[PDB]
Each structure stands twice: as C-alpha cells, then as structure tokens.
Amino acid sequence: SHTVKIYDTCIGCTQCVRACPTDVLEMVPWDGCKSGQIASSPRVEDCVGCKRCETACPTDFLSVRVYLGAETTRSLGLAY
Amino acid sequence: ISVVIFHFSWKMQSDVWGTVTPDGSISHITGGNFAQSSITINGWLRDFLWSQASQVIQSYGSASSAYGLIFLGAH
Amino acid sequence: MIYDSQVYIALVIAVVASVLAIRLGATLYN
Amino acid sequence: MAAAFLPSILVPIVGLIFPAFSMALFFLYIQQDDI
Amino acid sequence: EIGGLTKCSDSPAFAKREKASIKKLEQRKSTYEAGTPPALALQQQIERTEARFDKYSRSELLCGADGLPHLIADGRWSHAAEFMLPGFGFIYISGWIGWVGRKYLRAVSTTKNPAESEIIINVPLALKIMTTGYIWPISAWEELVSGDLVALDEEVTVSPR
Amino acid sequence: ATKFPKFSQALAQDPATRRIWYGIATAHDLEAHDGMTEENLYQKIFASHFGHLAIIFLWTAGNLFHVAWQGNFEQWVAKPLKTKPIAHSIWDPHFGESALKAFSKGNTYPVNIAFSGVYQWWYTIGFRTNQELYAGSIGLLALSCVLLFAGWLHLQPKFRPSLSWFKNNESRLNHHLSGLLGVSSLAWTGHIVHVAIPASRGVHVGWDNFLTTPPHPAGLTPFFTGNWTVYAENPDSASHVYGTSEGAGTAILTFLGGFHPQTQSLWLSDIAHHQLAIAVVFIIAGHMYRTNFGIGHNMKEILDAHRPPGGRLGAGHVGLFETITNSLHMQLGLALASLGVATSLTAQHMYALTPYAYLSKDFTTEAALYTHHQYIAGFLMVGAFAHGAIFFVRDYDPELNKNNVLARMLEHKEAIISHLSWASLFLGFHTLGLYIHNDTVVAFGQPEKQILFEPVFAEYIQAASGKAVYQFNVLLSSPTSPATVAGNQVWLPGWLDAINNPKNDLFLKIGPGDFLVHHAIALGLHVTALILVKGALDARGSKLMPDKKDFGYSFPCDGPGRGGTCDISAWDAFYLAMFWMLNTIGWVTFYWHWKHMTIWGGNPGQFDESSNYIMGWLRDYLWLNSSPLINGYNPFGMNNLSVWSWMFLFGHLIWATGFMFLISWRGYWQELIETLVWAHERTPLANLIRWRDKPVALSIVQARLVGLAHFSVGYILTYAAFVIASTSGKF
Amino acid sequence: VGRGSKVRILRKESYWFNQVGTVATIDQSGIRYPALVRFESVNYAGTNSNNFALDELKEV
Amino acid sequence: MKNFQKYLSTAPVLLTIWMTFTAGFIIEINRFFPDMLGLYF
Amino acid sequence: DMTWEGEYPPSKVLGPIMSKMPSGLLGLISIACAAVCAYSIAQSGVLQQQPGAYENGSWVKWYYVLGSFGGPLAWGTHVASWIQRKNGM
Ligand code: CLA
Ligand code: CLA
Ligand code: CLA
Ligand code: CLA
Ligand SMILES: CC1=C(/C=C/C(C)=C/C=C/C(C)=C/C=C/C=C(C)/C=C/C=C(C)/C=C/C2=C(C)CCCC2(C)C)C(C)(C)CCC1
Ligand code: SF4
Ligand code: SF4
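Protein chains in written order, with the authors' numbering: chain C, 2 to 81; chain A, 603 to 677; chain M, 1 to 30; chain I, 1 to 35; chain F, 25 to 185; chain B, 2 to 732; chain E, 2 to 61; chain J, 1 to 41; chain 2u, 33 to 121.
As structure tokens, this is what we get:
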C-alpha cells in the first residue's frame with residue numbers, strides 16, 4: 002500500500018478529500034486549526050497514488066503527503 | 603511519411619527518371635539499383651542516404667550552399 | 001602448439017571453478 | 001586448431017542448451033510461492 | 025610570426041586563395057556579356073573580394089600554412105584588434121544592456137502591478153533609463169560600494185540544505 | 002521473504018510483472034534489503050568482491066587461452082608488421098560458404114582479428130610461445146579458484162571479519178600503499194628485469210633457468226654496495242634489432258627518455274626504473290598511518306586539525322572522518338572519481354607515450370584502445386557523482402557535518418550551480434557560434450572570413466616541453482634555460498628527439514581546429530558536471546520539493562501538482578547526465594579519430610582546414626570514412642567487414658528503440674496492455690493458458706533506465722563498429 | 002507581530018523563506034499556525050498566502 | 001489612440017521593432033564596412 | 033580532540049616530540065634544513081654539468097638526495113616554530 006500522512010499545518014479546507022478518487026481521505030474533528038477539522042487517511046489500502054490530494058492542498062508545502070510504496074492490485078489500479 | 607517520400611525519391615530516380623538517347627537506350631539516374639539495394643536496410647543507408655546526400659554535403663561554395671547550411675541546421 | 005590433453009586439463013580446472021562459484025553464490029544468497 | 005571438434009560441441013551448449021536450462025530454472029524460481 | 029605562423033602579406037597560400045577566388049568569379053562573369061546586371065553584380069563581387077583580400081594583407085593578421093588568417097588572443101597588444109579591442113567593445117555594450125535591464129526592473133518593481141509593466145513596457149521610462157547606460161561602469165562601482173548592487177543573504181530565498 | 006525477490010517483502014507481494022523486474026535491478030542494493038545489518042552488509046560486499054576478482058581473472062585466463070589455442074601469437078612474434086592478431090575462431094552455423102572464406106582470409110579456419118592489443122602487450126612483457134601463454138591461462142584459472150574459495154571461506158562464521166576490521170582505515174591504507182601498490186610495482190620490476198628485458202635482448206629466461214641466469218653481468222653486488230650506476234652503463238643501441246642480441250645493451254635501469262627507435266615504444270629499462278621508483282615512493286607512503294605500533298598518523302586527528310584560522314573554510318574538515326568511514330557511497334564515489342581520472346589518463350598517455358612494441362603501427366588497436374578507455378572513464382565519472390548523490394540522500398548527517406567543508410557546499414549550492422550554468426552557457430554560446438560562423442562563411446565561398454583562434458596556450462606547453470615547431474624558445478625549446486641544461490645530462494636527448502619527430506603522437510601539432518574542439522570538450526565537461534553537481538546538491542531538497550530526502554534517491558516524480566515535477570529525483574539527473582557523458586566522450590573520440598585518421602592517411606592538413614566548421618566533420622569525417630564500413634556487404638558480395646556493417650545497423654536500431662522508452666511514457670502503454678489482457682481472456686484455446694503475474698507497463702523510472710540502456714548500447718555499438726571498420730578498411 | 006506588519010519567513014520549507022510578506026490576521030483562539038501572511042509573489046501552486054506560527058515570522 | 005500606443009508598447013511588438021532596428025544597423029554596418037575580421041579596416 | 037579555535041593551533045598538533053620543543057630551536061633547525069636543501073640542489077646542479085661526473089646517473093649522490101629532502105622539513109619546522117611561538121613554547 003501507499004503511505005498517506007497528514008501534517009499539522011492542515012487548515013481543514015477539505016479540498017484533498019474532495020479530490021481523492023478512491024476515498025482514502027476523510028475529515029475528522031480537530032482543534033489545531035480554526036476550521037476545527039483535520040484530514041485523515043484511514044483507508045490507505047485503496048490509495049492508487051494519484052497525488053490529486055497533493056495538488057488540491059493549499060498550504061505552503063502541503064499538509065498531505067503521499068509516499069509511494071508497496072504495490073498491490075488496488076494500488077496499481079488494475080481492473081484485471 | 604518519411605518512408606513514403608523516400609520510396610518515392612528512390613523509385614523515381616532508379617526506375618523512372620533519367621535520360622533517353624536517340625538510340626532508345628534508357629539511362630536512369632541511380633542506374634536501376636532499387637530492385638537489389640532497397641531490400642535491405644544497409645542498401646537504404648548506403649545507396650540512398652549515403653549516396654544521394656553527396657549533393658547536400660558538397661554544396662559549400664556553390665549556389666546550393668544554403669541547402670548545405672539548412673541540412674546542418676535541421677540536424 | 002597446444003595439445004589435446006592441455007585443453008582437457010583446462011576444462012577440468014574450469015569445471016572445478018564452476019563448482020566453487022556455485023558454492024560462493026549459494027553462500028552469498030543465504 | 002588442436003581440438004577442432006570442441007567448438008561444434010560447446011557453442012550449441014553455451015548458445016542453446018544452457019540458456020534453455022537457465023531461463024527455465026529462473027522462470028521456475030520466480031514463480032515459487034515459498035522461498 | 026608568433027606561433028610558427030606567417031603574416032598574410034608574406035604567405036603564398038593566402039595569395040593563392042586570393043587568385044583562386046577571383047578566378048572563380050571571373051569565370052562566371054565570362055558567360056555573360058558586358059552591360060548585363062549579372063555581369064554588373066559579378067564585377068562588384070570581384071571588387072569586394074579584392075578589397076577584402078587586400079585589407080587582410082596590410083593588417084597584421086597571421087596566416088597559417090592553409091592561407092587563412094589566424095587570430096592570436098593570449099593578451100598581447102600587437103594583436104589587440106583581433107580580440108581585445110573588439111572585446112572592450114562587447115563588454116561596454118553588453119554591460120550597458122544588462123545595466124539598463126536591471127535598472128528598469130528595479131524601477132518598475134515598486135509600482136502597483138510590476139508584472140504588467142514588463143509585458144507592456146513603459147516606453148518613456150525605459151527610453152530614459154536606457155540612455156543612462158553609457159556610464160554603467162561608474163554606476164556599477166557606485167552601487168557596489170553603496171550596497172544597492174548586492175543583496176544581503178537574509179533577503180534572498182534558498183532551499184533546504 | 003518467500004516468492005522472489007527474497008530480500009524485499011514489498012516487491013515479493015507485488016501481483017504484477019513489476020516484481021520480477023524490480024527484483025533484478027535491486028539485487029545488489031544490499032543496504033536497502035530487509036533485515037540488513039551493517040555487519041552483514043560489509044561481509045556480503047567482501048565476499049562479492051572476491052567473486053568480482055575471480056571474474057576478472059577468468060576473463061584474463063580466457064584471453065590467454067583463446068590466443069594460445071586459436072590465435073597466431075607465434076607467427077606474430079616472428080613478423081609483427083605483417084601479421085594480423087587473431088582474437089579467437091568463429092564457429093557459426095548461420096555462416097554461408099562465402100562468409101567462411103571471407104573471415105578465413107590468411108588462415109585455415111574463420112577468425113576474428115584482435116583489436117584489444119593483447120599481442121603487443123604480451124610480446125613486450127616477454128611472451129614468445131603459445132606454451133607460455135597457456136601456462137599463464139592455467140595459473141589465472143587456479144588463482145580465480147582460490148579467490149572463489151576465499152569468498153566462500155570469509156562467509157563462514159569463524160572467518161567472517163568483524164565490523165571493526167572493515168573500519169580499520171589506517172591499516173588498510175598502509176597495506177594498500179605498500180603491499181598492493183608498492184610491492185606489486187617492485188615485483189613487476191622483478192619481472193621485467195629478469196624476464197622481459199632479456200627477451201627483448203634475445204635471451205630466454207623462463208622458470209626453467211631464472212635461478213641460474215643473472216639479469217645483469219655484475220649481478221646484484223652493485224645494488225648492495227650502492228654502486229647503482231652499473232645498472233645504467235650500456236643501454237641498447239640506436240641500431241638494436243628488437244628481440245635479438247644484435248646491438249643489445251646490458252643496462253637494466255636507465256633514464257634514456259623517448260622511444261626505442263625500431264619499435265617506436267618505451268625502453269624497457271626506463272619502465273623498470275619507472276616501476277622501481279614508483280615502488281619505493283609507495284612503500285614509503287605506506288608508512289604514514291598509525292597501526293598497532295604507536296608511530297604513524299591518526300586520520301581523524303589530521304582532518305580535525307585542518308581548519309584554516311582565517312575562517313574562510315568554516316569549521317574545516319572536522320566530521321569528515323566519521324562521514325567517510327560510515328558511508329560506503331562516499332567511499333565508492335571517491336574511488337570512481339579517481340578511477341575515472343586514471344582511465345582518462347591511461348587513454349591520453351597510451352596513445353602519446355607508446356608503451357608496447359609496435360602498438361603505434363597497429364592503427365585500429367590504437368583507435369580501439371583510446372575509445373575503450375575514454376568511454377570507460379566517462380562511465381566511471383558519472384558513477385562517481387551518482388554515488389556522491391546517493392551519499393547526500395542516504396548517508397549525509399547535517400549535524401555531524403556542521404559548518405565543515407562538506408556542509409558549506411550545500412550552503413552555497415545556488416552559487417555553484419548558477420556559475421556552472423554561466424560557464425556552460427558561455428562555452429556553448431561561443432563555441433557553437435564560432436562553428437556556425439565558420440560554416441556560414443565557408444558555405445558562401447569566403448573561407449578567409451573564418452574566425453580561427455590559434456591555441457597558443459597549449460602550443461606554449463608543447464614548446465615548454467621542447468617542441469620546436471612553434472618557435473617560442475621558452476624552457477626546453479630554449480638551449481639557454483636552466484631546465485634545458487639541467488636535464489640534457491639525463492632523459493632530454495631521448496625526449497627532444499621524440500617530441501620533435503613529427504611521425505609519432507608525442508605532442509601532436511595543433512592548430513585552430515584543435516582550439517574549437519577543446520572548447521567543445523570543455524563545454525561537454527562543464528554541462529555534464531552541471532547536471533551531476535545539481536543532482537548531488539539538490540538531492541536532499543529544492544524549492545519545488547523541500548522534503549526530497551524522505552523520498553530517496555530514485556522516485557518517479559512528485560505528481561503534476563505545483564506546476565509539474567517530472568524528473569525531479571537525483572536519479573533523474575544521473576539519467577540526464579548520461580546523455581551528456583556519451584555526447585562528451587563522443588566529441589572526444591571523434592576528435593581523436595579524425596585527427597589520427599588524417600595523420601595516418603598522410604593528409605594532416607585536411608583536419609586543419611575542415612575541422613573549423615561542422616560540415617567538415619559531417620562530410621570529410623563521417624561521410625567519407627563510412628565508405629568501407631557500409632560496403633561490408635552489398636548486392637555484389639561481402640568481406641570480413643560484414644560483421645561491423647551489421648553491427649553498425651544493429652547499433653542504429655538499438656539507439657532508435659531507446660527513443661521509444663524515452664519519448665513515450667507509461668499511461669499510453671498501460672492502457673494498451675489492458676486491451677491485450679482483454680483479448681487473451683476472451684480468446685478460446687488461449688484461454689487454456691494464463692499468466693501468474695499480471696501484465697503491466699514498465700514503471701516510470703524503469704523505462705527511463707531501459708531507454709537509457711538502449712540509447713547507450715546503441716551509442717557504443719555504432720561507434721565501435723565505425724571506429725574499427727574505418728581504420729581496418731582504410732589500413 | 003500584528004496585522005498589517007511586514008514579516009520575514011523563517012520556516013525553511015516555505016516557498017517564501019527569507020522573503021517578505023504582510024500579516025493579514027492573527028488568530029487568538031490557540032491554533033497551531035495563527036498568523037495568516039499574504040505575499041506578492043505566488044508559489045509553485047499559485048498560492049499567495051499561508052498560515053505561520055509566530056516563531057516562524059521575523060519583524061522587518 | 002492611448003490604447004493603441006499601449007498595444008505598440010507590448011513586449012512582442014517592442015521586441016520585433018527593436019530587433020529589426022538592431023538587425024537593421026548590423027546589416028547596414030556590414031554593407032558599408034564589410035568583412036571586418038578584427039578592428040583593422 | 034585536535035579541533036581548535038582562534039588564530040593558532042595548540043602545541044599538540046605537532047606530535048609528541050615537537051610539541052615540547054622551543055620555537056627558537058625549531059626556527060634554527062628550519063634554516064639548517066633549508067640551507068642543507070639549497071646546498072644539495074646547487075651541488076647536484078654542478079655535478080650534472082661536470083663532464084666526468086654525470087654519466088649513467090653518477091651525478092646522483094645519496095647525501096645530496098637525502099639533503100634535498102630538508103626542503104619539506106624546512107617548511108614543516110618553520111610552521112612548527114610559528115605554532116610554538118604562538119603557544120608561548
Ligand atoms: C625493508 C625496510 C623496512 C623497514 C626498516 C620498515 C619499518 C617499519 N615498518 Mg614497514 N614494510 C616494509 C619495509 C620496511 N618497513 C615494506 C616493503 C612493506 C610493504 C609496503 C612494509 C609494510 C608495513 C606495514 C603494513 C606496517 C609497517 C610498519 C613499519 C614500522 C614498524 C615500527 C616498529 O618498530 O615495529 C615493530 C616491529 C615489527 C613489526 C617487525 C617487522 C619490522 C621490519 C623492519 C619490517 C619487515 C621489512 C621487510 C619485509 C623485511 C626485510 C628487511 C630486513 C629485516 C632484512 C617500521 C618503521 C608498521 C607501521 O606502523 O607503519 C607506520 C605497519 O603497520 N610496514
Ligand atoms: C599488503 C597486504 C594486502 C594486499 C596485497 C591487499 C590487496 C587487496 N585487498 Mg586489502 N586489506 C588488507 C591488506 C592487503 N590487501 C588489510 C591489512 C585490510 C584490513 C585493514 C584489508 C581490507 C580489505 C577490504 C575490506 C577489501 C580489500 C580488498 C583488496 C583487493 C583490492 C581490489 C584489487 O584486487 O585491485 C588491485 C589493484 C591493483 C593491484 C592496481 C591498482 C590500480 C590503481 C588504479 C593504480 C592507480 C594508482 C597509480 C599507481 C598512481 C595514480 C596515477 C596518477 C598519475 C593519477 C586487493 C586484492 C578488497 C577486495 O576486493 O577483497 C576481495 C576489499 O573489499 N582489502
Ligand atoms: C565498482 C563500482 C560500483 C559499485 C559497487 C556500484 C554499486 C551500486 N550501485 Mg552504482 N554506479 C556505478 C558503479 C558502481 N555501482 C557506475 C559506473 C554508474 C554509472 C552507470 C553507477 C550509477 C548508479 C545509479 C544511478 C544507481 C546505482 C546503484 C548502485 C547500487 C545497487 C545497484 C544494483 O541494484 O545492481 C543491479 C543492477 C542491474 C541488474 C542493472 C543492469 C543493467 C545493465 C547495465 C544492462 C547491461 C547492458 C545490456 C545487457 C547489454 C546488451 C548487449 C546488446 C548487444 C544486446 C549498488 C550499491 C543504485 C542505487 O540506488 O544505489 C543505492 C542506483 O540507483 N549506481
Ligand atoms: C544538439 C542538441 C542540443 C543543444 C544545442 C542543447 C543545448 C543546451 N543544453 Mg541540452 N540536452 C540535449 C541536447 C541539446 N542541448 C539532450 C539530447 C539532452 C538529454 C535530455 C539534454 C539535456 C540537458 C540537461 C540536463 C542540461 C542541458 C543544458 C543545455 C544548455 C547548455 C548551456 C549552453 O551550452 O548554452 C548555449 C546555448 C545553446 C547551445 C543553444 C542556443 C543556441 C542559439 C540558438 C544560437 C547561439 C548563436 C549566437 C551566439 C546567437 C546570437 C544571435 C543573436 C541573438 C545576437 C544548452 C541550451 C543545460 C543547461 O541548461 O545549462 C545552463 C542542462 O543543465 N541539456
Ligand atoms: C558529489 C559528491 C562526491 C563526488 C565528487 C566528485 C566525483 C569529484 C570529482 C572530482 C575530480 C574528478 C577532480 C579532479 C581534479 C584534478 C585535479 C585537482 C588535478 C590537478 C592537477 C594538477 C595541479 C597538476 C599540476 C601539474 C601540471 C599541470 C604539469 C605537470 C606538473 C604538475 C603535476 C605540477 C563525493 C563522492 C566526494 C561525496 C559528496 C558528493
Ligand atoms: S487540502 Fe491540505 S489543508 Fe486542506 S484539509 Fe486536506 S490536508 Fe488539510
Ligand atoms: S494519492 Fe490519490 S488515492 Fe491516495 S489519497 Fe491522494 S488523491 Fe486519494
């Protein structure tokens with residue numbers, strides 16, 4: 002599986018969750034930013050590695066980072 | 603398209619274009635070498651590209667020298 | 001002038017070197 | 001050449017039989033689900 | 025005669041090139057009659073070829089065995105016209121272009137939208153700044169001393185190391 | 002891990018064909034393997050160093066075996082100027098009848114003609130018979146048996162060396178300067194004094210008689226009495242017939258200088274005195290470092306103390322000892338950097354100071370040997386900067402290296418890269434600008450308008466070593482200078498005869514064509530350095546990727562975000578510098594070959610006029626010398642150049658196939674394979690068969706590598722086919 | 002720092018490290034990065050503002 | 001007219017005017033002082 | 033250990049022998065090594081040009097080779113003399 006990490010510079014803008022095509026990311030309640038929410042990656046088993054969440058992230062050098070790792074059938078995006 | 607215009611340029615020079623004497627003897631430009639040389643890649647390299655680029659590389663100091671310059675400039 | 005037996009001696013020393021290479025290769029693999 | 005028959009034996013072994021043997025063994029080894 | 029060369033006024037291979045290049049032009053002119061525009065064009069080329077070869081003869085150029093002029097650029101002032109005197113002329117012009125391009129950039133850097141004044145040039149400001157470049161070695165030394173030329177290291181962005 | 006690769010659990014569970022590909026290309030990255038400890042890592046490297054040493058000696062035993070069995074060494078030592086050296090015989094069932102006679106021209110059986118120069122080197126070191134070459138191939142065959150046993154032995158649990166033995170820097174340098182370098186040079190002086198210099202003097206000294214035949218008539222008593230001038234008393238004459246006793250001297254250690262007049266090669270008594278003086282210097286140099294006996298330097302103490310008190314280097318070299326000792330990538334990168342210089346120096350000095358008898362008269366071997374070692378030196382230099390870039394990602398500690406000379410390179414990396422960017426752009430703007438200027442004025446019929454800078458600085462260096470043709474009259478071309486007076490008593494009469502002979506390669510006559518190509522070589526060196534230095538200095542991070550060290554040395558990209566990040570990894574700057582390396586070694590070997598093919602051809606003025614513009618390189622070098630090559634076969638038959646003409650087109654095809662992996666990228670091919678997977682699952686009678694690894698396209702980094710390997714192999718094979726068939730076809 | 006002040010960034014992974022921005026707002030709630038700083042030059046993503054802690058800002 | 005003068009002051013229009021001016025005098029100097037291989041005359 | 037600060041290294045970077053030697057003794061040794069090296073180079077120069085004393089390398093004398101290596105010893109002892117003087121001997 003690929004590795005997706007959330008760093009505490011997240012402002013809770015939810016744009017990474019909206020960009021994710023395989024539902025890796027979700028918003029959980031937080032208190033470290035004024036939006037009251039942080040992104041989280043519980044379902045990294047479905048991460049294809051597209052880095053659409055990294056493109057969506059507005060914080061200067063992104064709060065989401067995708068670290069490409071061990072490839073599975075789901076990580077490689079194979080329909081066969 | 604490159605192979606199409608190279609097929610055209612070699613087949614016309616070898617088998618069509620050339621001179622006719624009043625004897626009726628046909629003298630082609632590259633001498634009818636398309637039938638035996640164009641069946642290998644070595645013949646295309648030697649009898650077409652190496653042989654017919656003599657005019658573009660010996661153009662310097664002539665009026666065709668702009669073709670020698672554009673030959674290098676496009677390379 | 002190399003003789004027939006001199007070629008055969010070199011092939012026997014080479015096939016022993018093939019055994020020692022497999023032994024080095026199996027030990028490196030472990 | 002001294003033993004002039006030896007290329008007629010060893011070149012088909014090194015060129016055909018040993019690559020058939022070694023490509024088959026590596027193919028078997030990469031498909032093993034154990035070690 | 026510095027590096028085993030010869031002066032072009034004293035080398036026969038330079039004289040042979042002048043004879044051969046005029047003879048090639050005269051053979052083409054012989055195929056036209058006298059008053060034609062091809063013959064009048066080829067007569068001008070002969071005079072320009074003749075003026076070029078006589079200019080190179082009387083002008084300190086060293087020729088090799090090939091009869092072509094070689095330039096010496098080790099620093100000696102006996103061959104200053106080959107590299108160092110055109111070199112001072114380049115450095116003065118290229119230093120001018122660089123100085124007024126830098127001067128126009130810092131001038132419009134304090135306006136409201138500095139990027140629009142770089143795709144749409146303020147021409148009276150640019151033309152005013154461009155004529156100030158003739159004393160660019162004086163103003164580059166003045167900006168070097170006063171600190172306006174070199175930025176401090178705390179003001180310049182860098183990457184992680 | 003079960004299911005190969007055993008060393009990587011991540012690739013072991015890959016369901017696709019990516020597992021087998023990546024298992025091969027990561028098999029020797031031992032530091033990245035699962036469960037790797039540092040002590041196990043050094044012991045695997047030590048044992049695989051024994052395997053690599055055995056492969057070298059098996060390869061050398063094979064060269065000696067095939068020349069002794071299938072070659073014509075004994076006919077070559079009889080007539081060295083008329084015989085073609087045989088590499089090995091050909092047994093190919095695909096050969097036609099006319100190919101069999103085309104390759105067996107002067108022989109009975111079809112052969113390859115050797116261009117490696119092993120005949121000229123084995124003859125120089127004393128080999129005369131086929132039986133002596135066979136006994137050498139047997140001894141190297143048994144030496145590589147011992148090296149294969151030692152690699153097995155030093156992996157057994159009682160013989161595995163500890164990690165402290167591998168970190169003992171002071172004892173390794175002491176032995177490797179003394180024993181590996183100095184003692185072997187002393188022993189090689191023992192060979193050429195006892196064996197090689199009698200064989201050039203017409204005397205056979207082999208294992209049967211070397212204990213009872215002294216190499217000098219005075220016989221080792223002038224060595225122990227200090228009367229060392231006895232070994233330089235009478236050298237070989239100027240009319241010594243080489244390999245015979247006629248005209249032959251007895252001196253074993255001279256300083257003659259220049260060449261033996263018949264072989265146009267170095268004097269063997271000069272090589273013996275060279276190797277003996279090299280031996281003493283290195284034996285002394287292996288007494289520097291502190292081993293078990295109290296005397297000697299500690300290398301951590303030298304580096305910690307070398308900080309200039311002016312502070313221009315900040316903390317100095319503190320931290321550099323623990324940096325190098327714990328980084329095998331920094332050690333490997335230093336080793337490849339010196340080997341790349343040593344291989345360039347090998348090529349530049351072997352053509353110019355000919356070491357082997359009749360090597361300079363073999364024109365194809367001299368072209369093959371220069372091109373070989375310059376391409377080897379290019380690969381070593383790229384690998385030195387590649388492993389220097391792996392060091393910064395994997396091994397560099399920013400806190401141990403705090404403000405020393407290593408950390409301060411990263412501190413001013415923008416100044417280094419932008420000034421390499423300046424010098425690369427300055428060289429390329431003006432070298433290409435001057436070539437295009439000279440192309441344009443020669444095309445318009447005015448070659449007298451050419452900008453031809455005379456290379457007076459390098460002509461001054463030749464005149465400083467005694468070249469008289471530039472009439473500079475400076476140091477050794479001036480008989481009044483103290484460098485000329487002090488020196489005329491020793492080597493200089495031999496050297497001044499050699500340097501002022503215009504029919505060897507010692508300081509070739511240079512002109513304006515040599516000016517422009519050296520500035521093209523300097524351009525190629527500076528750009529290739531620029532990609533590699535930016536690859537190492539930006540390996541840990543840039544503005545586009547500040548966390549780049551977290552992702553490693555090799556990774557595809559960071560995605561299309563932030564503008565796009567294709568080829569941002571430090572691996573990708575290796576990949577881009579490989580094209581610039583091959584281009585640079587291309588410009589070097591093109592220049593060496595064309596300058597030599599006009600000197601050997603008897604028209605050196607063709608290079609002097611036509612190398613000033615690019616059309617001269619295309620017309621008078623590439624197009625002109627292609628003619629024997631591309632006629633290796635034709636519709637009217639073939640000759641023994643037919644293998645090089647096939648390889649010439651074979652090289653063009655692999656180069657162009659590399660362009661496919663270089664231009665087309667992955668998402669095109671993964672979509673194309675998905676329809677192929679569909680077609681197989683829907684085709685009856687092929688539905689009986691299925692893959693066990695899912696077919697996928699090659700990854701992003703993999704086809705960069707695959708396209709580079711095709712590009713490089715097609716680069717090498719095309720020029721090797723051209724540099725050999727043009728020299729063999731002309732001469 | 003206060004709002005409207007010119008600050009210099011000390012983050013070292015920011016695009017605008019050692020560059021000058023202007024403080025727009027400073028949150029008082031106790032969040033991790035309370036000061037929103039606006040810049041005149043865009044970064045590689047085209048963003049021209051970012052949140053910073055107070056120790057990452059230096060008064061110009 | 002103000003907007004047309006602003007169009008003439010855009011970057012590619014001013015580059016095309018300045019480069020044809022620059023190519024202008026370089027061509028004209030080479031007409032009247034041709035074959036300047038060094039500052040020799 | 034051997035790291036140092038300021039304008040001069042401590043005495044211990046000279047090894048266990050010259051760290052205890054006075055700066056004036058190391059200074060005079062340095063002139064003695066420089067004069068022996070300059071004499072050895074000059075006398076090997078006049079042995080090279082003497083027409084009966086240069087053949088087969090007879091200009092090479094063992095005491096002039098050993099004397100000429102006072103050159104790098106004169107460099108080091110004058111550097112060591114400076115370090116002891118800055119350290120107050
Ligand atoms: C022939 C002259 C010679 C002499 C006088 C020496 C002297 C020395 N060697 Mg060296 N050695 C030599 C040749 C020589 N070596 C050669 C040709 C090599 C291969 C390059 C070496 C490899 C070597 C290594 C790897 C090391 C030394 C070290 C030493 C030092 C040990 C200090 C001590 O008191 O040790 C105690 C005594 C002993 C260890 C007994 C052996 C001493 C003898 C002199 C060495 C053997 C030399 C030679 C092979 C034998 C023939 C000479 C003679 C007896 C006939 C000492 C200065 C050590 C050192 O600390 O260097 C800084 C060290 O680590 N030597
Ligand atoms: C004197 C005793 C001795 C000797 C002969 C050796 C020899 C060797 N050891 Mg070493 N080793 C020793 C003691 C010794 N060791 C000790 C005491 C230690 C522990 C401290 C080690 C620890 C050690 C390790 C960990 C390893 C070795 C390895 C090696 C091998 C090096 C690779 C090779 O074969 O190239 C030999 C090359 C040559 C003979 C030619 C040198 C070519 C260079 C390029 C010459 C260039 C320099 C030139 C003269 C001057 C520069 C030119 C200039 C003009 C630019 C070599 C067999 C390696 C190995 O392969 O093990 C299997 C290895 O991994 N050793
Ligand atoms: C003695 C020198 C030396 C040593 C010990 C190493 C060792 C290493 N290198 Mg380094 N390197 C070197 C020289 C060396 N290299 C050189 C000369 C270069 C420039 C080419 C490099 C450039 C380089 C890069 C870019 C990388 C390494 C990496 C590595 C590490 C793993 C490599 C691997 O997995 O191997 C197995 C490799 C393969 C199985 C690939 C084989 C491809 C070959 C070349 C194709 C052969 C051509 C073809 C078959 C010919 C066809 C003929 C035609 C007619 C059909 C390993 C530590 C990697 C690393 O990550 O380090 C940590 C890495 O990314 N090296
Ligand atoms: C022939 C093909 C070719 C050419 C010309 C270039 C040219 C360049 N490469 Mg590229 N490169 C190439 C193939 C080529 N490359 C390939 C196949 C690869 C592998 C993908 C690369 C990968 C690569 C990398 C990784 C890098 C380069 C860099 C460079 C630049 C080097 C600096 C320089 O020499 O400035 C001279 C400029 C040129 C040679 C091109 C412009 C020439 C102009 C049009 C003509 C000049 C004549 C005259 C002076 C103009 C005045 C007229 C008027 C305006 C007054 C240069 C632009 C490097 C760089 O950017 O360094 C700063 C760099 O890092 N290249
Ligand atoms: C990145 C990196 C790296 C790498 C690096 C490299 C790769 C380098 C290279 C480099 C090089 C490759 C160098 C070279 C140089 C050389 C030199 C420096 C030389 C010099 C010489 C001289 C000085 C000489 C002189 C002389 C003469 C000329 C004449 C005769 C006499 C004499 C000898 C005196 C490393 C690993 C570290 C790590 C980190 C990172
Ligand atoms: S896009 Fe970035 S800042 Fe917004 S919620 Fe996702 S991780 Fe947080
Ligand atoms: S890499 Fe792709 S799949 Fe993974 S979290 Fe980001 S957007 Fe979702």
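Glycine included, C-beta positions come from ideal geometry on N, C-alpha and C.
Enumerate in chain order the residues of its own chain whose CB-to-CB distance from residue i is below 8 Å, with the five nearest sequence positions on each side excluded.
i                     : result
residue 653 (chain A) : 632
residue 173 (chain F) : 164, 167
Who are the near neighbours of residue i in its chain, counting only those whose CB is closer than 6 Å to its CB and skipping five residues on each side?
i                     : result
residue 572 (chain B) : 554, 555
residue 133 (chain F) : none
residue 711 (chain B) : 655, 658, 659
residue 643 (chain B) : 633, 634
residue 524 (chain B) : 428, 429, 432
Looking at the unbroken beta strand (DSSP E) that takes in residue i, where does it start and where does it end?
i                     : result
residue 113 (chain B) : 112 to 114
residue 90 (chain B)  : 87 to 90
residue 7 (chain E)   : 7 to 10
residue 620 (chain A) : 620 to 622
residue 58 (chain E)  : 58 to 60
residue 239 (chain B) : Unbroken run through residue 239 (chain B): none, as it is neither H nor E.
Going by beta-carbon coordinates alone, are residue i and residue j separated by less than 8 Å?
i                     : j                     : result
residue 537 (chain B) : residue 393 (chain B) : yes
residue 70 (chain F)  : residue 57 (chain F)  : no
residue 124 (chain F) : residue 153 (chain F) : yes
Thinking C-alpha only, which one of the options is nearest residue i?
i                     : options                                                   : result
residue 184 (chain B) : 89 (chain B), 103 (chain B), 249 (chain B), 286 (chain B) : 286 (chain B)
residue 299 (chain B) : 170 (chain B), 708 (chain B), 363 (chain B)               : 170 (chain B)
residue 30 (chain M)  : 722 (chain B), 2 (chain B), 50 (chain B), 442 (chain B)   : 2 (chain B)
residue 76 (chain B)  : 128 (chain B), 652 (chain B), 28 (chain B)                : 128 (chain B)
Over the uninterrupted alpha helix (DSSP H) stretch that includes residue i, give me the two end residues.
i                     : result
residue 613 (chain A) : 604 to 617
residue 463 (chain B) : 457 to 465
residue 163 (chain F) : 160 to 170
Exercise. If contact means a Cβ-Cβ distance below 8 Å, which residues of the stretch 54 to 86 of chain B contact chain I?
Worked result: 70, 71
Problem set entry | the stretch 164 to 180 of chain F: positions lying closer than 7 Å to chain E by Cβ | 178, 179, 180
Exercise. Between the stretch 31 to 60 of chain E and chain F, which residues of the former have a C-beta closer than 7 Å to a C-beta of the latter?
Worked result: none
Exercise. Taking a cut of 8 Å between CB atoms, which residues from the stretch 70 to 84 of chain 2u lie near chain B?
Worked result: 77, 80, 81
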